[PDB]
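This is what each chain is made of:
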Number of protein chains: 2
Amino acid sequence: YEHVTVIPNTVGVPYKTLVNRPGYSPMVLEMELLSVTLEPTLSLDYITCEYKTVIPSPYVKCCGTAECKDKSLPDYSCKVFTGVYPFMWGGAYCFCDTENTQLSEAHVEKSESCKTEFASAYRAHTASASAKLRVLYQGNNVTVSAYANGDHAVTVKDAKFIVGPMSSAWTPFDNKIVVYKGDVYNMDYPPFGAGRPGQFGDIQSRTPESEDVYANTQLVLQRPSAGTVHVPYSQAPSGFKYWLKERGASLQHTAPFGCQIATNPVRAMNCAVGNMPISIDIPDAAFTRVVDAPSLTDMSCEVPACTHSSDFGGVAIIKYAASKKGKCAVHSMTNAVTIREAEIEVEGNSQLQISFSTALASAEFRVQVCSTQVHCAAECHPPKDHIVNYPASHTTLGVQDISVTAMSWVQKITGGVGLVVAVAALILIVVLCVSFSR
Amino acid sequence: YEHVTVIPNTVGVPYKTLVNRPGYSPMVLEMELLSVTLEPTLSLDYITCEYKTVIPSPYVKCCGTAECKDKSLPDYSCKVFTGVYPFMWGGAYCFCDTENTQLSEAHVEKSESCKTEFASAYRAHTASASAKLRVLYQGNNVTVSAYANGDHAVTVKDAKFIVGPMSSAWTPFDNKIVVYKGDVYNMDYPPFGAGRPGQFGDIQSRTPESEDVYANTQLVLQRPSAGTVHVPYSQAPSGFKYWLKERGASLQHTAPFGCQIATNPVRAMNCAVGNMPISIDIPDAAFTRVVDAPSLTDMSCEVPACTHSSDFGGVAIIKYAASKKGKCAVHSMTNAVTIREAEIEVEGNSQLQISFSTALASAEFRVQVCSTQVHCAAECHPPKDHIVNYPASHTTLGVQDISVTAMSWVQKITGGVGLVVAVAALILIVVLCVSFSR
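Residues numbered from 1 in each chain as written, not as in the entry; some residues may be left out. Chains lettered and ligands numbered in written order. Part of a larger assembly, values for the part shown. Heavy atoms only, no water.

- By the method listed in its record, cryo-EM, this PDB entry was determined to a resolution of 3.5 Å.

- The PDB entry annotates chain A as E1 glycoprotein of Chikungunya virus.
- For this entry, the PDB title field holds "Cryo-EM structure of Chikungunya virus asymmetric unit with Fab IM-CKV063".

### Thoughts on the layout of surface pockets
Part 1 of the reasoning: There is about 980 Å³ of room inside the largest pocket.
Part 2 of the reasoning: At the level of secondary structure, the elements contributing two or more residues to the lining of the largest pocket comprise β11 (118-125) of chain A together with β3 (27-49) and β10 (118-137) of chain B.
Part 3 of the reasoning: Sorting elements by how many residues they give to the lining of the largest pocket places β3 of chain B first, with four residues.
Part 4 of the reasoning: Here the lining of the largest pocket is composed, by residue class, of 18 nonpolar, twelve polar and seven charged. (1 Å grid on protein atoms, 1.4 Å probe; cavity = no way out; pocket = protein on both sides within 12 Å on 5 of 7 lines; lining within 4 Å. Points joined across faces, edges and corners; volume = space filled by probe spheres on them. Helix = DSSP H or I, 4+ residues; strand = E, 2+ residues; numbered from the N terminus. Nonpolar A, V, L, I, M, F, W, Y, C, P; charged D, E, K, R; others polar.)

### Topic: the side chain of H3 of chain B
Residue and element names in this part refer to chain B.
Part 1 of the reasoning: Relative to the assigned elements, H3 resides in strand β1 (residues 2-8).
Part 2 of the reasoning: At 3.1 Å, the side chain of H3 forms a polar contact with the side chain of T17.
Part 3 of the reasoning: Residues in contact with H3, not counting those within four places in the same chain, are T17, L18, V19, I278, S279 and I280. (Polar contact = N/O pair within 3.5 Å; in protein donor to acceptor, adjacent residues only side chain to side chain. Contact = heavy atoms within 4.5 Å.)

### What to know about the relation of the copies chain B and chain A
Look at the two chain copies: a rotation about an axis and a shift along it is all it takes to match them.
Part 1 of the reasoning: Mapping chain B onto chain A is achieved by rotating through 179 degrees and translating by 0.2 Å along the same axis, at an RMSD of 0.5 Å. These values place the two chain copies in the arrangement generated by a two-fold rotation axis. Identified as the residue of chain B closest to the rotation axis by C-alpha distance is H125 of chain B, at 3.3 Å.
Part 2 of the reasoning: An overlap of 100% is found between the interface residues of chain B and their copies at the interface of chain A, pointing to a shared contact surface. (Least-squares fit on C-alpha atoms.)

### Some words on empty space enclosed by the protein
Picture a little ball the size of a water molecule; that probe, rolled over the atoms, points out where space is still empty.
Residues and elements named next belong to chain B.
Part 1 of the reasoning: Inspection of the entire model under this criterion finds four cavities of 30 Å³ or more.
Part 2 of the reasoning: By volume, the largest cavity amounts to about 80 Å³.
Part 3 of the reasoning: Around the largest cavity sit 13 residues that line it, and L133, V144, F161, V163 and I278 are the ones nearest its centre.
Part 4 of the reasoning: Elements with a contribution of two residues or more to the lining of the largest cavity: β10, β11 (140-147), β13 (159-163) and β22 (275-281).
Part 5 of the reasoning: Looking at the lining of the largest cavity, its residues break down into eleven nonpolar, two polar and no charged.
Part 6 of the reasoning: Volume-wise, the second largest cavity comes out at about 60 Å³.
Part 7 of the reasoning: Lining the second largest cavity we find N9, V36, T37, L38, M166, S168, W170, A268, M269, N270, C271 and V273.

### Here's the deal with the sheet that holds strand β31 (residues 349-358) of chain A
Residues and elements named next belong to chain A.
Part 1 of the reasoning: Ordered in space as β25-β26-β31-β29, the four strands form an open sheet in which the pairing is antiparallel. Each edge of the open sheet carries a strand with a single partner, namely β25 (296-305) and β29 (337-339). Strand-to-strand twist across the sheet, computed as the mean angle between neighbouring axes with direction ignored, equals 35 degrees. (Pairing = 2+ DSSP bridges. Axes fitted to C-alpha atoms, helices over the stretch in contact; angles between N-to-C directions.)

### Overview of the packing of aromatic side chains
Part 1 of the reasoning: Per the stated rule, a full pass over the model turns up 25 aromatic pairs over all chains.
Part 2 of the reasoning: With a centroid separation of 5.4 Å and an interplanar angle of 85 degrees, the aromatic rings of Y46 of chain B and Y189 of chain B are classed as edge-to-face. Of the two residues, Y46 of chain B is situated in strand β3 and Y189 of chain B in the loop between β15 (184-186) and β16 (203-204); the sequence distance between them amounts to 143 residues.
Part 3 of the reasoning: Residue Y46 of chain B is classed as buried on the basis of its relative accessible area of 1%.
Part 4 of the reasoning: Taking the ring centre of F287 of chain A as reference, the NZ or CZ of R21 of chain A above it sits at 5.0 Å. (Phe/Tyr/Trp six-rings, centres within 6.5 Å; stacked < 30°, edge-to-face > 60°. Buried < 20%, exposed > 50% of the residue type's maximum accessible area, 1.4 Å probe, protein only. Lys NZ or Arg CZ within 6 Å of the ring centre and 35° of its normal.)

Quick look at the structure:
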């Protein structure tokens, strides 16, 4: 039997609904989203990582100039210094006191580490929504996994399930993202070949394995110090190493809608935004005929206590007379009153208990048992503890239009001045009428 | 020295621009898009391919009933038939004339073909633009390849080039596409698990090596014929084998803007749409001081013949005096006239000749030679040949007003009608003024 419904896109809250097949007993489903995953489509622009600077042993020309020369390497720089006279441990290295020169040359490369310590700059396109769901019927507690595409029907225990797409098209990932490990960031990273010295992207590669290193480190060689064979230089420190210190909190902490964020694959999970359609077929053997029911009548309903506790702070007694032993479903007709139970056993002339939850300070609602309906009404006290660790187990209040019973003061004063206006108008009509008549 | 320009995004047409550095003799840059490529970002929804049906030997129970054992295979079916009496080549297979039964069972799988003969259904998220370009200065053709991101500067022959961003989003791929080999198609393929019998998508899997076969063939078994041991059945013929026939024309033959389309990876090429921004920073060593250059004087244009052909249909001769031998730029100040040449050379008192292309019926234009301008004028006779095998070597006409000389017929009739109105209005104003003087 085909049935169709919509549940809010809120993880870990049970939403509960009535299958009402014509000619057969009703039954109550409940289901909850165990997980919802948005998963964007990623375009790699470039990999950023720590650079190394390569500085070969400097060539020193005794008694003449070294010729300078060009080379094509990613940030290559070169100079010839004149009037050097280096000493090594045993003596002066040069045969004459002056007219020597030192060539010096350097270039940047990816570090050996860039296999492991690197970050990825991605553009992120729209997302392959996926979902995981628990459902309960007649004591069959069962789980299903699916895409949210509104097709791809999954069968289990000869039931069949279809889900999505959700009404929301929001995602926390912006058009540009960077990922490092578990951390992923919305940031407007510089395009390939656009990155400055000493900032994220001062060195870039199209892929982690490519040799086409872009680098912009502003390396400058400097005059070697007196008597000494070293190669001094000046250069902006790694823009990556600085970003690792500066970066701040990733989307796992900063993101809207209470969502959780994960990597490989890049995912956003359990976003509390919008609502989700689902359709379910349950096998026609799972229904008892409307005459095979317990057949119960002459109900009345009673409320020992009620409290708007964000969970099942209401408790009620239902009186009944039932023709035989039989399993019975129970459900609440009104969106502002959710119910803990779903099915129960009845026999004979007796009474039964249920628990319920509401925002209402005066709970008025109808309970649909097996085929048959009863009205329930009681005053509901406020809860006493302030803050709690779980989301409210019911719909929000109609704050404009579901004020309490004993708000009848509003009707009492509205008639208390509405009749004053009525008499004022009727008086004015009579005196106006005689003034037209004469 | 840095110069910026924009050229129409139209492959294989050369465009011309004038390098301008104050205090240095000018030079002319010619460039040509050799190709431009859009590569869309693909997410694989599923593979499809020819199915195979598997039909094991039928179990025949002599002298009793066989019965189904169910199993979750991708399009499984089972049936049992009664009163069968199968023969084999030597006689009856069953011991007795009736009370026999044949179980028949079947399912479907991917064929073994699906590594070779398959089609691939993709979503196609936004593309990245790659461009291959030729450019010419200092007598040398040079060629550069870049991403058109607008920032990824490429250096070649000691000059630095940057290109893009692409000034339009337009892409020949729809949001969903399928590919086969070289063929790609825009089509609204059915979602995963949504496929109908006898159409594209009647068997699907999320990768070609996966075992997650969705299938919907409507396979149904039939009762065997008299005396015979086979398994007859009805099934919708493999919908991929029909789509290989019913295929239509791939986007390579049907797409807008005259583009070419190819696979590995999927690419659109040479879409003649929008325009391409370019910046080039040629070395300061390419210039020579204007105080040294052979700067022209007494320049006198003449145009022996002209036609608004789609190639260089007109020719001009310039009488000149020049102080010394040297290089000399030529460029056209009027967008409706394109000069063929670039950086000619000049000496003495003499003449030179140069060729141009134009849509103008009565070409008048200014030619900027080295550091100085001359005014040039002609009548154009229309080309004799309808149809040519190449695009126009000139700008599209500003036909909103850009038109012949001997349009002075407009000045004649608009002047005559203007004067008869002006005289009629003056006569009215005089008589109106003296009849106001009363």
